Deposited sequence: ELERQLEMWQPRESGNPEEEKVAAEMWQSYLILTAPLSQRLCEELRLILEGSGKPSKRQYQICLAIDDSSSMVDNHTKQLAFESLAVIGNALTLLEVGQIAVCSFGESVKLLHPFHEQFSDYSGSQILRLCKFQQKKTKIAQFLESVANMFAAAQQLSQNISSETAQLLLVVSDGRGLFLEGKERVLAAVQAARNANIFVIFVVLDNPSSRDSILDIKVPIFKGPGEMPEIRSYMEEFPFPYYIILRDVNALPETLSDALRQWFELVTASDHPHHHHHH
């Protein structure tokens, strides 16, 4: 319990690597943002065990350090952090300020040992959390940090409806697909068969052709996160105006 020292030391080592990246992201976002309203941003971390199988654990923590601190440097607004997998956990509320101690707490509580990746359950729950905070005060943004694999165990129709429900609630969603280059297969190489007719050859399409999120970026290297994510946020800012 007092071994929060281990988590704090680990977060500090992440800040050493990601400090220049977080400043480049802050600056690039500032340039885009000038081109009275308040912003509410939620960072969602995939806590499922496939993150260990796909070696996206480091990318997940590096991305949280880069993004969470850049938004704090930019003074955009309130940041919430959630974890999902077998259940939804609110690790950092909107009204509390996001600090280094907040990052250490998320590091200690995310062990990537959950046995499910219930993304539909997550999306359905965050709408209530966003809607309660819209009325407390605004532009709302959800960033999903996940390997983006094994997302259809709840059913494709349910997952697609959950993404559609977030949009209907005026929540802008960007999926940050973590794709480790060291891994045997890239998410771009996963395929999906389409059948039609008895005994006829199936059509082999790419798995990403049925990705349930229309707005996404692919992140192989955290060094590319400032340039890629700030470009992606152009669409959110333009829609808000």
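Taking the first deposited residue as 1, the stretches without any C-alpha atom are 1-16, 52-56, 159-164, 269-279.
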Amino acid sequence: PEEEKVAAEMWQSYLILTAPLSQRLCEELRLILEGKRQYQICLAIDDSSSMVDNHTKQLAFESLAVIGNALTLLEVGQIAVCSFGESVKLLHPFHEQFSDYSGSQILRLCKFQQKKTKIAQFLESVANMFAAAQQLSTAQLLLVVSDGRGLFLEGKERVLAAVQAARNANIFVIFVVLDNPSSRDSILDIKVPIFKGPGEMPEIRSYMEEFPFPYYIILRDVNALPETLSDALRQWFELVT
From here on, numbers count along this sequence of modelled residues.
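Comparing the deposited coordinates for 193-201 and 26-34, the stretch with the larger average C-alpha B-factor is 193-201. On average the C-alpha atoms of 36-44 have higher B-factors than those of the other stretch, with 36-44 and 174-182 being the two compared. When the Cα B-factors of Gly77, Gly150, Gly155, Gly85 are read from the PDB record, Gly77 comes out highest. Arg108 sits in the highest third of its chain by CA B factor, as recorded in the PDB entry. In the deposited entry, the Cα temperature factor of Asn168 sits in the middle third of values across the chain's modelled residues. Placement of the Cα temperature factor of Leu160 within the chain: lowest third of the modelled residues, per the deposited record. When all modelled residues of the chain are sorted by CA temperature factor, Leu219 is found within the lowest third. Residue-level temperature factors show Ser146 in the lowest third of its chain, judged at the C-alpha atom.
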